[PDB]
Structure formats: structure tokens, C-alpha cells
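Here you get one chain, nothing else, as C-alpha cells; it is the form deposited in one PDB entry.
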């Protein structure tokens, strides 16, 4: 028996002598002040565990000099990794923890260097292959009263780190149990090869023998272990000692890098307009030597009042009428988003900060030819033109503290005129985009969320843009009528009929692949293709639009805001690639892309790498012979697309689709696509569409979605009244659009029976483009219903009005139940029986006003 005569004493020791012993003589790190700011949401400075300190005392003693690629095996919250981010000779850190239920889930931190730390949870480091790394950490080992077990556990990790270890590598490896003649054997052998020594840390509790194989030490294995067994056996009878306290680690703030650079930015274009911003400022303009950008070009920063949020209020007025769903987690776990400068930069590091390799000479040709053709088609029966300051000032009606109060006020129009003749002449000055997150009610918390960005532009630079490319959305170029494929100017509810009318086409299945971050995947080839709108212009109309395309679309300057360790700045950056009117372009190129892909299925061309002469002829013929036939095969709204090709050879035609940028989401690249054989199953614009027979026998096609997605979004906002008029906007929307849901209607008739009548609905219910927002009136909702489905709905022939909500039909139960209903559950039944009661408690809380009652008897 080794000094493991101590484990015999330890685990066989009094429950309280245990918690005394554990702390006596050691070195603690008062955490009861960092653990307290992390719950507040404070994301700076703080270490996430008592482990930044641990790895601090080793690093500060030169026992480990992490550098370069650092891989952390067992990151947990992020103690060693986040700490290593702050360090200087480190470049990237890769964190890995099993995590999950029982284990320790990682924490996201704004701490200095954080952009250099990527943490992934859900990883059995034992089952993942080794990568190149300049330093290798590992803090795995669960202790146990059975030392034969943890010799096995330690043996298991020692075998792992040896796979990852290289002769030149820096390391730090928790040896959970080092006094067992199993590990001392393996350590003695691991030490001959890789060298280093076993070092006990003065920060570890006395209830373990943890020693660390640190690369840059040296020392006898056996004797260093018994040295610790003695020192730990002593403290069994050494009169309880306090616990020397260290200050925690101040892990800092802010983002480093400046090393890489990788975007030759035409300065002879973005130049005359970057000196503006550093003129406008300069009492602030610095150059952050620690900018995070790699595939965007950096230019300097300036001080900025922070802008964003990460809030989430429960619409407790919709929530008090939603009593059966307080348990369902895909409501009670759907936060708002995160627009704070940190969550914007956290999204930047992941979605916008990428590049896209150049397409192959042959893809390049196919994309030209097809656009060459499409543009020519799309305006077979259309002509481009300018849009009038009048039209713009006219468009002011919902779409200088104002924009209404900025166009009717002479000043702006001379400001837009100076830069106007500048574009004409070949420059911008005032043509920056100013990024910001889009608040959205995407779910994903724990108690979190984040996704998108919206390139907001100078209220006067839009005019130069609107004036050039406004004819697109204004003469309805991408309306189904003229584009055959587009669905512009079409009601979301009427988007169901358009898919039904496409199943009518003869072909394979219906396909609705989603592109992974479309705007980021726009290439210059897609930019210079969409530029061809100009070939079909002339005069002072080309020039202008040419400037738009060449000056602000292919060559744009952007500002974004990130937290420095000294306030929120606003960096200024430029990319040539990517895209910010970006709907018709996003529809134009999605068509072209889905044309090239349809073509691939059918074999009209065989290789992306080179299109042969006899092959770019077939392309033309195909395009001229069946081009309009295949446009009719698609339902395309921006980046969102539904397709029904000839055959299911489609679902494998990908050399083009992946070379153009347009890489599908949530699916390995060279894996065939998912077909839909039922068009009431295809998703398009975050909805699907059932076909619902009424009583008189008329065909309804009606939008639907996972009924949970609908309650959750409704129970969030960005007074009792300002929030009661937010439910009524959702409730009015559920009628009219989701009327076919036993749950939603029953819950909507309750919202409008607890929100006073005459109270007008307010703030957006959806940022959908195809949303008519027709649920905002204060009219009888059965009047509007007839107005949408019967009076104005074209696919509706018998204009015989309906005049009762009882004559309005639900889906069949099991569709309702499939698409997510709760009918059939004992709560849902209790919730309807006793509903005039939760109406009451919401009326008896929204004051004492005028109340109708819609609730059917």
C-alpha cells in the first residue's frame, strides 16, 4: 500500500471533519463576487471558475507557456480557455467539454481575447480525433472513494493526451490519481518521452491528490508524489488552518488579433469617404491594434454611445390567457435577441466574418449566360426608369429628427444633390452602411439568443439608391405575373395557393432547401451579374445606377460597434464581397441559381470546371426552349425557394450550387436533398399551408406552422396598456390567418375579450415581407375575414360572404394536433372550461373599461 493510506483515512472520515479538512491550510480564491456578477449578466473581467486562478499559478511560475493553437480538453465553463485567451503568445483556443445534463455547460464571456476562444459542448474528447496544436490542456478526472476506479479513469486520460501530444508541445494535464502503481508506471513512461514533471497546485482542496503533468517542469515522479501524500496526511492532525486567500483573476476586456489581414480593399473608391468619418470625429479616431476582423478590412474606430439590448419581457397579458403552455418549453424558452455591441460582435465573428472561394471558370459562364438571359426576359414587357423625389417624398408615408420632417425641408435635398453629382462624377462620401442587430423573437435561452444584422443606410443615400434601382420593387418586376417565379406583392396567406398551383406541374418532388446565411454568400460574380440591369438602361440613368452598383454595392464602407476595454467604440470596415432593393436582387440571383441547378439535374452541362462550346450552346437552347417553363416551376421570395423540377435527379445536382456560394444549411455538403411529396408539407416563408374545406365546399389554402412558434413569439415584447395592445395585435392576427386552430382562436377570442375594445392594435406582429398586417384595423374581424379570404381572394370563386365564426372551419383535429394543437389534453379542456375566469383577472388589471365578449357559448 502506497501513501493511499490517505484515501483510506479521507473518504472514511467524518462528514464535517471532511468539509473542515478540505479547506484547512490551502489557498482559496474568493469567488463570492465573480459568481455574483456573472448572474447579473456582467460578462467582463470575470473568470468563470476557480480554474482561471489554478492555471494562473502554473502559468505565472513558467511551468506551462501556452502558445499558438491551444486545445483545452474538458473546458467546462471555460476556466483555462478564457484565461488563456488573455495571454500573449496565444493565437487561437479550442474548447471542448462533454457537458450536457449532469455535466458543466460552457459560459459565453466578453473577457479579453474572447474572439480567440471558441467553446464547443457535447464532446466526448475520448472519441474525437487529434488536431495540430501548439499546446494541450486537460482537466478531466472525477474523484471517487474507490482508488482502483480512478486509477482507471486517470489511465484513460493519460492514454488520451498521449494521442494529442507531440515532441514540441506545451502541456498541462490533470493527473487525478497519481499515487497508484498504475499511473506512476504510466507517468514514469510518459515522462521519459515527453518530459516535464508532476506538480501539485496550492489551490486544490485537500480532498484530492490532483497533480499536474506540466511540460516545463522537471522532478522525480515517485518522490514528488509521496511528498504530497506526506503533506496531505499531515494536515489530518494539523489543527484546522484558515485558508490563505488570493484575489481572483481579472481576465480583462476586449478583443485582440491584428495579425492576418486578408481583404485588398480598393481604397481608390472607399477612400474619399473614409476621410469623412475621421474628419467628422478625430477627437476620438484611433487605430485599434486589436481589431477582430479577418475578412473585413479595418480602418480605425471612434467613441460611440452603446446601442442595443438583451431584454425579454413576458407579455403577461397573453401569458395569463396561455395558462396551459407555461409548461411547454418551446414557449417558456423563447427569448428576444441580443443587439448589445457584444452580441453583435459575437454574431459577426461567426456569420459575416467569412469568405467564399471564387467560382470556377465554367460556373462563372453559366451564371453570366443565365443572368444575361433572365435580365433580358424579366424586362421583356418592362422598362427601367428613375424614381422622382416626389415619389420618394411621397413614399415617406410609412416605409432632422424625422424622415417625413427631413424630405419636406430643403436642406436634405441639396445635401443629396452634392453627393448625387459626386456619384455621377465617380465618388461617394456619405454612402456608409451602419450595421445593427435585428431584434427578433428567436427562441434559445436557458434563462440567450442571437442571429441577424440589418445594414441601415443614410436616409439620403437610399434616395440615390431608390432613384436608380427603385423601378424594381415599384414597377413590380418580381411579381409572379412578370417573373413567373417571384411572389412579390403577394399576401402571406395567399402564398399557400401558389404552392398548390405548383404541385399541378408535372415533375418530381417539391424542394425547399435553405441557404446558410444567404447575404454573406453573395459573390462578386453575383454582384457583377446583377449589375447587368444596366445593359438595359441608358443616359443619366445608367451612370447613376452604375455608381450604386460599382460604388456602394461592390465597394461598401460599414460601421459596427464593439466594446473596447475603455468604452464602446464604433469600428469602420469595408468588404467588397457580400451584400447589404436587396430583395429583388436576392430574388434575381436565387432564380438564376435555381435555374443553374435545375439545369444540372437534367444534365444540360456536365462540369462546373469548364463549360464546353457545345455545352454553353445547350445552355442557351435550354434557356430559350424551356426557360420560362422552369421559372413556372419555382416559388421564390428572396433567398427562400421552393422548386419542383422534372425529375428527382435534382436532389444531387450540387457542384454548381456549392460553387456559387449558395451552400445549404444543416446538412453535409455532398448529401442529397430532402424531397417533399405533399405540398402541404413544404415550408416557404416560415409557414406551411393546409387545404381546408368549409361547409359550402370551397377550397381554402391557409397558412400554418408549429403552433408553439406562434404562442412563444406572442408572449414576448421589446405599461399594462402598451403590452395589452401588443397581444391584441397578435390576437387579431391569429384570427384572419390562423383561424383554423382550435387553440389559437379560442385564445384569441380571449385576448380581445380582455383587452378593452376601441384600443387600437400596435407595433409589428411580424417582420415578414409578405405580411399584409391587415389585422391592425379596429373593425369587426369577420368583416376583414370576408375581405381577405372571400371578397378579395382570387382563388376564391364563390364570393358568397360568410356571416358567423361558426360557419368558419378548423383544421381536422389530428392536423391541429400534428401542427401542434393541445386539444385532447386535460389541461387544454380545463383551460377552456374555466376561461372567463382568466379573462376576468386580466380585465381586473387592465383597469375598468368597455369590454365586448367574443367567447362562443
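Superpose the two forms; the largest set of C-alphas matching within 1.5 Å is the rigid core. Positions refer to the first chain, counted from 1.
Missing coordinates between residue 399 and residue 400 amount to 10 or more residues of the deposited sequence. Unmodelled residues of the deposited sequence between residue 147 and residue 148: none, the chain being continuous. Averaged over CA atoms, B-factors in the entry run higher in 659 to 667 than in the other of 640 to 648 and 659 to 667.
Stretches 332 to 340 and 366 to 374 differ in mean C-alpha B factor, with the higher average recorded for 332 to 340. Sorting 209, 381, 550, 541 by the CA temperature factor given in the entry leaves 541 at the top. Among 89, 680, 191, 393, the highest C-alpha B-factor in the deposited entry belongs to 393. Annotation for residue 500: C-alpha temperature factor in the middle third relative to the rest of the modelled chain, per the entry.
Split the chain's modelled residues into thirds by C-alpha temperature factor. Residue 60 is in the lowest one.
Residue 68: CA B factor in the lowest third of modelled residues in this chain (values from the PDB entry). Ranked by C-alpha B-factor against the other modelled residues of its chain, residue 629 falls in the middle third. Ranked against the other modelled residues of its chain, the C-alpha B-factor of residue 316 as given in the entry falls in the middle third.
In what follows, reference is made to the form deposited in another entry, a form of this protein that is not presented.
Shift analysis on the rigid core between this form and the one not shown singles out 163 from 289, 357, 383, 163 (C-alpha displacement of 2 Å or more). With the core held fixed, residue 241 shows a CA shift of 2 Å or greater between this form and the one not shown. Relative to the superposed core, residue 267 shifts its CA atom by less than 2 Å between this form and the one not shown. Residue 256 is among the residues whose C-alpha shifts by 2 Å or more between this form and the one not shown once the rigid core is aligned. Figure legend: C-alpha atoms of residue 516 and residue 128, shown here, are separated by at least 3 angstroms more in the other form.
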